[PDB]
Amino acid sequence: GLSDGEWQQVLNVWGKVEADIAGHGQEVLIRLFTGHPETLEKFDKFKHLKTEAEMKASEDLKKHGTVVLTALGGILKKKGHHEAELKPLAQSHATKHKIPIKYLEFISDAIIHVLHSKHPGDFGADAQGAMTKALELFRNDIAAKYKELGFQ
Ligand code: HEM
């Protein structure tokens with residue numbers, strides 16, 4: 001798991017996201033979609049987005065960005081004790097949305113990318129390390145639920 005010092009770093013870094021949840025959420029999804037176009041296909045409601053301009057201009061994408069990060073934020077605030085919050089998400093993403101674990105890897109890297117892009121020089125080495133650990137924990141616990149379901 002993460003140490004108390006690491007969880008404190010994670011939640012301190014999260015303060016940035018919380019100041020502009022929709023902005024960070026939007027940029028995270030845009031980074032995901034632009035870097036990995038196949039991920040867009042998993043969203044029947046965003047597949048109509050053909051350009052990054054259309055993406056940035058989408059209020060609904062911004063809306064989903066807020067939904068995605070608010071959920072992740074709630075999980076992070078649990079500092080590891082997130083089974084109840086994590087289980088349903090892993091299950092809807094495996095059973096309903098069919099999101100391979102690889103895409104969760106992509107979005108994790110996208111979150112790291114967005115923090116550096118929006119806060120250059122203000123996302124220290126220790127901060128990136130702690131946030132990475134937290135995102136790997138989140139990803140790994142979902143992977144467990146995926147194996148349980150036999151989802152690939
Ligand atoms: C940090 C990771 C993520 C978090 C916390 C998260 C959270 C959520 C939440 C809370 C919902 C709505 C409730 C539900 O259906 O479970 C949702 C829906 C959805 N997510 Fe995720 N998600 C994440 C990553 C991804 C990724 C990488 C994809 C890639 C395709 C994805 C695709 C979807 C789809 C298709 C829906 C349904 C959208 C709709 O309403 O039509 N998610 N997500």
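The figures that follow rest on heavy atoms only: side chains count, while hydrogens, waters and symmetry mates do not. For this chain, numbers begin at 1 and follow the sequence in order. We count ligands from 1, going down the list as the structure has it; atoms in each ligand are counted the same way.
For ligand 1, the atoms sitting less than 4.0 Å from at least one non-hydrogen atom of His64 are 17 (C), 18 (C), 19 (C), 20 (N), 38 (C), 43 (N), numbered in the order shown with element in parentheses. Residue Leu104 approaches ligand 1 through these ligand atoms, each under 4.0 Å from one of its heavy atoms: 24 (C), 27 (C). Using a 4.0 Å cut-off to heavy atoms of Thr39, the atoms of ligand 1 that qualify are 30 (C).
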Problem set entry | Candidate pair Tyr146 and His93, rule ring-ring contact (aromatic ring centres under 6.0 Å, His included), full reasoning | CA-CA 9 Å; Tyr146 274 24; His93 284 63; 8.2 Å; no

Exercise. Could you walk me through whether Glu83 and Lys145 pass the salt bridge (charged side-chain N to carboxylate O under 4.0 Å, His left out) check?
Worked result: CA-CA 10 Å; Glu83 168 72 24; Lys145 298 301 183 191; 2.8 Å; yes

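The side chain to side chain donor-acceptor pair (under 3.5 Å) with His113 is formed by just one residue from the set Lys118, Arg31, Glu27; it is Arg31.
The pair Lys16-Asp122 meets the salt-bridge criterion, with a side-chain N (NZ, NE, NH1 or NH2) lying under 4.0 Å from an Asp/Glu carboxylate O. One finds no salt bridge joining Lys98 and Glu41 here, because no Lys/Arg side-chain nitrogen approaches an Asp/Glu carboxylate oxygen to under 4.0 Å. Taking the charged nitrogens against the carboxylate oxygens, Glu105 and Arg139 have no contact shorter than 4.0 Å, which rules out a salt bridge.
The residue from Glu105, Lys96, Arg139, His97 that puts a heavy atom closest to atom 15 (O) of ligand 1 is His97. The option with the heavy atom closest to atom 26 (C) of ligand 1, from among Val28, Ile99, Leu89, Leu69, is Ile99. Counting only non-hydrogen atoms, the option in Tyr103, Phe138, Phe46 that gets closest to atom 2 (C) of ligand 1 is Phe138.
Within the coordination shell of atom 21 (Fe) of ligand 1, defined by N, O or S atoms under 2.8 Å, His93 is present.
The protein heavy-atom contact nearest to atom 16 (O) of ligand 1 is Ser92 OG, 2.9 Å. If you check which protein heavy atom lies closest to atom 41 (O) of ligand 1, you get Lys45 CD, 3.7 Å. With hydrogens left out, the protein atom closest to atom 5 (C) of ligand 1 is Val68 O, 3.3 Å, a heavy atom. In this structure, the protein non-hydrogen atom closest to atom 32 (C) of ligand 1 is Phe43 CZ, 3.2 Å.
Inspection of the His24 and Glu18 side chains reveals no N or O donor paired with an N or O acceptor under 3.5 Å.
In this structure, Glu41 has no heavy atom closer than 4.0 Å to ligand 1.
The NZ atom of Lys133 sits 14.0 Å away from atom CD of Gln128, with the distance rounded to the nearest 0.5 Å.
A tilted orientation is assigned to the rings of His116 and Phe123, their planes being inclined by 30° to 60°.
Of the protein's heavy atoms, none falls inside 4.0 Å of atom 13 (C) of ligand 1.
With a heavy-atom cut-off of 4.0 Å, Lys42 touches ligand 1 through backbone and side chain alike.
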